[PDB]
Amino acid sequence: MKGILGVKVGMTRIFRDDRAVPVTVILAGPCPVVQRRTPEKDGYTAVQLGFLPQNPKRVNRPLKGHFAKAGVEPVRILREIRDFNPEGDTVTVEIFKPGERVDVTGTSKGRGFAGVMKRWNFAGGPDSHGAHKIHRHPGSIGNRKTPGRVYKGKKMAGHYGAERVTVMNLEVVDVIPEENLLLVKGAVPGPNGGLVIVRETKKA
Amino acid sequence: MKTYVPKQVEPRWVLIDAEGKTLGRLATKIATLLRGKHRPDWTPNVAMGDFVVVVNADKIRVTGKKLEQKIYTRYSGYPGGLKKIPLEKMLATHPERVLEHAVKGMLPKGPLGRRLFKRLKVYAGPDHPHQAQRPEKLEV
Amino acid sequence: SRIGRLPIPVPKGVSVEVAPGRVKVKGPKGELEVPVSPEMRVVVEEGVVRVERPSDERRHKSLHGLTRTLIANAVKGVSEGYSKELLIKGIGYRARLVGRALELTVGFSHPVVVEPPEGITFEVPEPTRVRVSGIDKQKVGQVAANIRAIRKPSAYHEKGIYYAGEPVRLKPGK
Amino acid sequence: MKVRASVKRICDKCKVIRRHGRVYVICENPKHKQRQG
Amino acid sequence: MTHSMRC
RNA sequence: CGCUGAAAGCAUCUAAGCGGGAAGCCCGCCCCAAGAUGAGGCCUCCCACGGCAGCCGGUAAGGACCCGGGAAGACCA
RNA sequence: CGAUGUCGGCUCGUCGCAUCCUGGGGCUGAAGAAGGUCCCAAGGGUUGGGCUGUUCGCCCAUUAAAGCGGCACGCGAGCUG
Ligand SMILES: [Mg+2]
Ligand SMILES: [Mg+2]
Ligand SMILES: [Mg+2]
Ligand SMILES: [Mg+2]
Ligand SMILES: [Mg+2]
Ligand SMILES: [Mg+2]
Ligand SMILES: [Mg+2]
Ligand SMILES: [Mg+2]
Ligand SMILES: [Mg+2]
Ligand SMILES: [Mg+2]
Ligand SMILES: [Mg+2]
Ligand SMILES: [Mg+2]
Ligand SMILES: [Mg+2]
Ligand SMILES: [Mg+2]
Ligand SMILES: [Mg+2]
Ligand SMILES: [Mg+2]
Ligand SMILES: [Mg+2]
Ligand SMILES: [Mg+2]
Ligand SMILES: [Mg+2]
Ligand SMILES: [Mg+2]
Ligand SMILES: [Mg+2]
Ligand SMILES: [Mg+2]
Ligand SMILES: [Mg+2]
Ligand SMILES: [Mg+2]
Ligand SMILES: [Mg+2]
Ligand SMILES: [Mg+2]
Ligand SMILES: [Mg+2]
Ligand SMILES: [Mg+2]
Ligand SMILES: [Mg+2]
Ligand SMILES: [Mg+2]
Ligand SMILES: [Mg+2]
Ligand SMILES: [Mg+2]
Ligand SMILES: [Mg+2]
Ligand SMILES: [Mg+2]
Ligand SMILES: [Mg+2]
Ligand SMILES: [Mg+2]
Ligand SMILES: [Mg+2]
Ligand SMILES: [Mg+2]
Ligand SMILES: [Mg+2]
Ligand SMILES: [Mg+2]
Ligand SMILES: [Mg+2]
Ligand SMILES: [Mg+2]
Ligand SMILES: [Mg+2]
Ligand SMILES: [Mg+2]
Ligand SMILES: [Mg+2]
Ligand SMILES: [Mg+2]
Ligand SMILES: [Mg+2]
Ligand SMILES: [Mg+2]
Ligand SMILES: [Mg+2]
Ligand SMILES: [Mg+2]
Ligand SMILES: [Mg+2]
Ligand SMILES: [Mg+2]
Ligand SMILES: [Mg+2]
Ligand SMILES: [Mg+2]
Ligand SMILES: [Mg+2]
Ligand SMILES: [Mg+2]
Ligand SMILES: [Mg+2]
Ligand SMILES: [Mg+2]
Ligand SMILES: [Mg+2]
Ligand SMILES: [Mg+2]
Ligand SMILES: [Mg+2]
Ligand SMILES: [Mg+2]
Ligand SMILES: [Mg+2]
Ligand SMILES: [Mg+2]
Ligand SMILES: [Mg+2]
Ligand SMILES: [Mg+2]
Ligand SMILES: [Mg+2]
Ligand SMILES: [Mg+2]
Ligand SMILES: [Mg+2]
Ligand SMILES: [Mg+2]
Ligand SMILES: [Mg+2]
Ligand SMILES: [Mg+2]
Ligand SMILES: [Mg+2]
Ligand SMILES: [Mg+2]
Ligand SMILES: [Mg+2]
Ligand SMILES: [Mg+2]
Ligand SMILES: [Mg+2]
Ligand SMILES: [Mg+2]
Ligand SMILES: [Mg+2]
Ligand SMILES: [Mg+2]
Ligand SMILES: [Mg+2]
Ligand SMILES: [Mg+2]
Ligand SMILES: [Mg+2]
Ligand SMILES: [Mg+2]
Ligand SMILES: [Mg+2]
Ligand SMILES: [Mg+2]
Ligand SMILES: [Mg+2]
Ligand SMILES: [Mg+2]
Ligand SMILES: [Mg+2]
Ligand SMILES: [Mg+2]
Ligand SMILES: [Mg+2]
Ligand SMILES: [Mg+2]
Ligand SMILES: [Mg+2]
Ligand SMILES: [Zn+2]
């Protein structure tokens, strides 16, 4: 169980065996090891990784001390990969080989306050035939006096996206260690520039 | 001539070992002790009972086929969110909840009753961390 | 009219030792351990094991006969041993030992390998005869039952896996 | 398996048994298998 | 309008 | 559907014991989640300031205000 | 009765199981394939049209299947009319 912190660059397609393969390009490494959660100290196993250097004259004293105890320069981000104990002190793209399958976690693009048709694929109303100001409305939200209420988890309008999403079992199309590049076939959550996490797959 | 009312009492810490005892018949006594009704100065509107530590709560005992047929349930508020957990699985997973549920169902409802529940410290296995309080062992 | 009153002959030199809620039986072929109701009494006599029951309520009478046979089956298990033979029938059906495991060719697209659990020994005299050997009678019957269910007797043809002595009952086809 | 409220012996080889709180009829004739229910 | 015509 | 097995010399999946067995049940996958007031855990930073569990002033590590913005967003965040 | 809006549709679900399909079984007048009947099972699924205001139903072309019922004949301070 291995992971790395990353950055979604953008999409393209490459050509492999006379097939066009859409890819998302991710800048993964290098991720220095900042803290090691152990069963003795913390109750579980995990590495705290770091990612992207930060202006040392921009990192407050509580974080300065934390980096110091590891002997690492200030990084912009800390994230834990759970159940990962890499041998070295720096995780790079070369933990992945082409052909391996990975799960990728990013923050979806935010639709803001979203209607029931965009958020939940509701059917809306008719656009003619007498329909009266309900073309995008959800219709009924319940029954009558029994139960006289609205279910919890009811699908309604509200904020949509800008949430944690994991897409699973993406094929690794290439590793370019000279540039810390990881090509993964298909779509990855979030905008270009967004932070993402690449873990070995959990599908068998 | 006005009934006596005690000034704030200094609570006693007692220790009960649940191993082999019958689940309900022991809860009933822990309820009494938490309410402090064994005390001749009992007052219905103050927390003045004992603190009760319990060890070996996973070795509680039960009659009949209750290990398979006793069903704790939780309702989440969502359509279909009625969860059914048999006693067997609860002892297998969160054993201390078994005596806790039974004691709590015998305490009074309301603010005081929730506080006296906080005066119960239920533990699986023989050990307990309250050595600081030096709890008097009780043969119940 | 009573299983449990029947004394249990003990062959030389099979040892029977009594303990709370157990008896241990050690013989030439190994040792078994029979868990016995604390309500029954297991008394050791000269080359004879006997079982006594405390009253005549039904639970005592039911454990009484049960217990004796459990002691007896184990005393035979550690000296004579138990075994069941299985017959394979059908045109393409046979078996063979592959190491200690049991390989079955019984009409699927694949073979069926059966490993022998601890205490059980597999034997294939003829390609159509399988022998399940062990000291534990219940365990021998279970493993034989397991092997039989891989291709049970057909209802219309004499093909599949049969217990030795199992009758071949069939029913017509047209 | 016949499942019904009246479970009887059908033939002289039929045997009425009781297992796990339910009344069964077992017999050499598979048509005669009964469970009360 | 008027009333719901419950007729 | 069994194995072994009495009560009931036989028989019996059961009364003691042990197997096998569903798109269902529990866990496993994804998401939220310590207001879980039972308010958890780990890493790091500041520190015993001055005047009659309190008190009011100046600080500390830190934070907010303000501003330039943002595939974040109704405002807020 | 100083008003509890009344059919059907659309939208949005949710529940029961006496189960339509899918999973597990027994019996069969079960050769196989395919069925029949009963048992367990409510996780998920259960199509698009012609006619009629229709519910229902019949028809067309499919389908693993085109289930049956409850929620004020669920849902008009949500729409239609
Ligand atoms: Mg672009
Ligand atoms: Mg290539
Ligand atoms: Mg931050
Ligand atoms: Mg992130
Ligand atoms: Mg975003
Ligand atoms: Mg998008
Ligand atoms: Mg937006
Ligand atoms: Mg909408
Ligand atoms: Mg959408
Ligand atoms: Mg849409
Ligand atoms: Mg959507
Ligand atoms: Mg529509
Ligand atoms: Mg529509
Ligand atoms: Mg539309
Ligand atoms: Mg319009
Ligand atoms: Mg209008
Ligand atoms: Mg209008
Ligand atoms: Mg309107
Ligand atoms: Mg309009
Ligand atoms: Mg609406
Ligand atoms: Mg109403
Ligand atoms: Mg209404
Ligand atoms: Mg209500
Ligand atoms: Mg948001
Ligand atoms: Mg694939
Ligand atoms: Mg680069
Ligand atoms: Mg992202
Ligand atoms: Mg960022
Ligand atoms: Mg007085
Ligand atoms: Mg007691
Ligand atoms: Mg009290
Ligand atoms: Mg009191
Ligand atoms: Mg029990
Ligand atoms: Mg009351
Ligand atoms: Mg079997
Ligand atoms: Mg009849
Ligand atoms: Mg028979
Ligand atoms: Mg038998
Ligand atoms: Mg017998
Ligand atoms: Mg039993
Ligand atoms: Mg079993
Ligand atoms: Mg199993
Ligand atoms: Mg599946
Ligand atoms: Mg989270
Ligand atoms: Mg907290
Ligand atoms: Mg948290
Ligand atoms: Mg508190
Ligand atoms: Mg509190
Ligand atoms: Mg609570
Ligand atoms: Mg606290
Ligand atoms: Mg905290
Ligand atoms: Mg912890
Ligand atoms: Mg804002
Ligand atoms: Mg703005
Ligand atoms: Mg704004
Ligand atoms: Mg402001
Ligand atoms: Mg009226
Ligand atoms: Mg009025
Ligand atoms: Mg009125
Ligand atoms: Mg009115
Ligand atoms: Mg009104
Ligand atoms: Mg429509
Ligand atoms: Mg419905
Ligand atoms: Mg049913
Ligand atoms: Mg089916
Ligand atoms: Mg079927
Ligand atoms: Mg059938
Ligand atoms: Mg035929
Ligand atoms: Mg067939
Ligand atoms: Mg049936
Ligand atoms: Mg279902
Ligand atoms: Mg359904
Ligand atoms: Mg037309
Ligand atoms: Mg039409
Ligand atoms: Mg019609
Ligand atoms: Mg009609
Ligand atoms: Mg059909
Ligand atoms: Mg079909
Ligand atoms: Mg139709
Ligand atoms: Mg209906
Ligand atoms: Mg329906
Ligand atoms: Mg009704
Ligand atoms: Mg009606
Ligand atoms: Mg109607
Ligand atoms: Mg009517
Ligand atoms: Mg209606
Ligand atoms: Mg209506
Ligand atoms: Mg209206
Ligand atoms: Mg209407
Ligand atoms: Mg209404
Ligand atoms: Mg209204
Ligand atoms: Mg209303
Ligand atoms: Mg009109
Ligand atoms: Zn019969």
Side-chain angles (χ1 to χ4, degrees), chain A residues 34-35 37-38 41-44 48 60-70 103 107 109-110 112-113 116 120 122-126 129-135 137-147 151 154-155 159 161-166 168 190-194 202-203, chain B residues 79-80 84-85 89 93 117-118, chain C residues 1-4 6 35-37 58-70 73 136-146 149 154-157 171-174, chain D residues 1-4 15 17-20 26 30-33 35 37, chain E residues 3-7:
Chain A
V34 188
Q35 182 176 10
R37 305 303 197 172
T38 82
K41 211 89 190 60
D42 315 282
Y44 69 105
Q48 180 185 269
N60 50 46
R61 287 184 62 97
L63 254 174
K64 281 225 172 196
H66 183 63
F67 289 138
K69 204 186 163 214
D103 305 331
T107 313
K109 296 188 178 183
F113 201 131
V116 95
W120 297 115
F122 280 19
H129 294 300
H132 185 35
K133 288 159 77 188
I134 46 76
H135 311 297
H137 268 247
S140 173
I141 73 186
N143 298 323
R144 202 164 170 185
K145 178 168 283 322
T146 296
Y151 307 138
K154 193 77 169 168
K155 295 185 194 316
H159 284 215
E163 69 187 65
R164 186 204 179 96
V165 183
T166 290
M168 298 185 78
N192 304 326
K202 285 168 182 65
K203 303 294 182 184
Chain B
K84 275 161 251 55
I85 306 100
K89 176 153 283 302
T93 54
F117 179 80
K118 305 172 197 182
Chain C
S1 275
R2 272 305 296 148
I3 289 307
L6 207 60
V36 174
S37 174
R58 296 185 69 100
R59 187 178 84 267
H60 296 165
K61 296 172 57 178
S62 305
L63 293 167
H64 195 201
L66 156 78
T67 294
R68 190 267 174 203
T69 302
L70 297 190
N73 290 341
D136 190 312
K137 182 183 181 174
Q138 190 283 332
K139 192 194 268 185
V140 163
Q142 186 71 84
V143 161
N146 293 350
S154 164
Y156 302 93
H157 295 101
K171 55 185 314 179
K174 275 176 191 173
Chain D
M1 188 73 86
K2 292 159 168 45
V3 178
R4 30 167 97 153
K15 181 191 201 179
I17 53 159
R18 180 151 194 273
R19 52 179 67 148
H20 317 129
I26 57 181
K31 293 189 170 200
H32 296 160
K33 267 204 297 170
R35 165 173 72 88
Chain E
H3 48 251
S4 290
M5 228 158 217
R6 290 154 250 195
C7 292

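Residue numbering restarts at 1 for every chain, and letters A, B, ... go by the order of the sequence lines. When reading the values below, keep in mind they use all heavy atoms of this one structure, side chains included, and skip hydrogens, waters and symmetry mates.
- Using a 4.5 Å cut-off on side-chain heavy atoms (C-beta onward), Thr107(A) and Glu163(A) make no contact.
- Take the nearest nucleotide of RNA chain F for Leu63(A) and for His64(C): the residue whose nucleotide is more 5' is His64(C).
- Taken together, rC10(F) and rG38(F) fail the test for a Watson-Crick or G-U wobble pair, since the two needed distances are not both under 3.5 Å.
- Regarding the sugar-base torsion, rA7(F) falls in the anti class, its angle being beyond 90° of 0.
- The bases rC18(F) and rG2(F) are paired, Watson-Crick or G-U wobble, with both atom distances under 3.5 Å.
- At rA7(F), none of the side-chain N or O atoms of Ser62(C) fall inside 4.0 Å of OP1 or OP2 (strictly under the cut-off).
- Residue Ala155(C) has its side chain nearest to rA30(G) when only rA30(G), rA72(F), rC31(F) are considered.
- Set against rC12(G), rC32(F), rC18(F), the side chain of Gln138(C) has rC18(F) as its closest nucleotide.
- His32(D) has no side-chain polar atom (N or O) that falls below the 4.0 Å cut-off from OP1 or OP2 of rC27(G).
- By the Watson-Crick or G-U wobble test, with both distances required under 3.5 Å, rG67(G) and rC17(G) count as a base pair.
- Distance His137(A) NE2 to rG78(G) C1': 8 Å, rounded to the nearest Å.
- If you check distances only, the side chain of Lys109(A) does reach the base of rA71(F) with a donor-acceptor pair under 3.5 Å.
- Remark: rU14(G) and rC15(G) stack on each other (six-membered ring centres under 5.5 Å, interplanar angle under 30°).
- Shown here, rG76(G) is classed syn by the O4'-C1'-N9-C4 or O4'-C1'-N1-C2 angle, which is within 90° of 0.
- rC42(F) and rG70(F) are not base-paired, meeting neither the Watson-Crick nor the G-U wobble geometry with both donor-acceptor distances under 3.5 Å.
- Judged by the 3.5 Å cutoff on both pairing distances, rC51(G) and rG57(G) qualify as a Watson-Crick or G-U wobble pair.
- Among the atoms of the strands shown, none is found under 4.0 Å from any heavy atom of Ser37(C).
- With hydrogens and angles disregarded, no donor-acceptor distance shorter than 3.5 Å links the side chain of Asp42(A) to the backbone of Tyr44(A).
- Bases of consecutive nucleotides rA16(F) and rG17(F) are stacked, their six-membered rings being centred less than 5.5 Å apart at a plane angle below 30°.
- Taking atom P on both nucleotides, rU62(G) is separated from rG57(G) by 22 Å, rounded to a whole Å.
- Residue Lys139(C) places none of its side-chain N or O atoms closer than 4.0 Å to OP1 or OP2 of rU4(F).
- In terms of position along RNA chain F, the nucleotide closest to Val143(C) lies nearer the 5' end than the nucleotide closest to the other residue of the pair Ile17(D) and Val143(C).
- Stacking of the bases of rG28(F) and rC29(F) is not indicated, since the six-membered rings fail the criterion of centres under 5.5 Å apart and planes under 30° apart.
- Considering only side-chain atoms of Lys174(C), the nucleotide from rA31(G), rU12(F), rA6(F) that sits closest is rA31(G).
- One interatomic measurement links the two molecules: CG of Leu63(C) to P of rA16(F), which rounds to 9 Å at whole-angstrom precision.
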Worksheet item: Would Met168(A) and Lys203(A) count as a side chain to side chain contact (heavy atoms under 4.5 Å, CB included) if you check the C-alpha gap in whole Å, the side-chain angles of each, and the deciding distance to 0.1 Å?
Response: CA-CA 8 Å; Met168(A) 298 185 78; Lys203(A) 303 294 182 184; 4.2 Å; yes
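- Between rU22(G) and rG43(G) there is a base pair of the Watson-Crick or G-U wobble kind, both of its two distances falling under 3.5 Å.
- Syn is the glycosidic conformation of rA23(F), whose angle stays within 90° of 0.
- Distance CE (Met1(D)) to P (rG26(G)): 10 Å, rounded to an integer number of Å.
- Here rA74(F) has a north sugar; its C1'-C2'-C3'-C4' angle has a plus sign.
- Residues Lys33(D) and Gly125(A) both approach RNA chain G. Their nearest nucleotides, taken by heavy-atom distance, put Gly125(A) toward the 5′ side.
- Phosphate contact (OP1/OP2 of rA72(G), side-chain N/O of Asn143(A), threshold under 4.0 Å): absent.
- Place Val3(D) and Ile134(A) on RNA chain G by their nearest nucleotides, and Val3(D) ends up nearer the 5' end.
- Here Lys118(B) reaches the OP1 or OP2 of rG38(F): one of its side-chain N or O atoms lies under 4.0 Å away.
- Remark: bases of strand neighbours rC71(G) and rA72(G) are unstacked by the 5.5 Å centre distance and 30° plane angle definition.
- Pairing status of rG16(G) against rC68(G): a Watson-Crick or G-U wobble pair, both distances under 3.5 Å.
- Taking ring-centre separation below 5.5 Å and interplanar angle below 30 degrees as the test, the adjacent bases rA34(G) and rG35(G) pass.
- Shown here, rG63(F) is classed anti by the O4'-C1'-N9-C4 or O4'-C1'-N1-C2 angle, which is more than 90° from 0.
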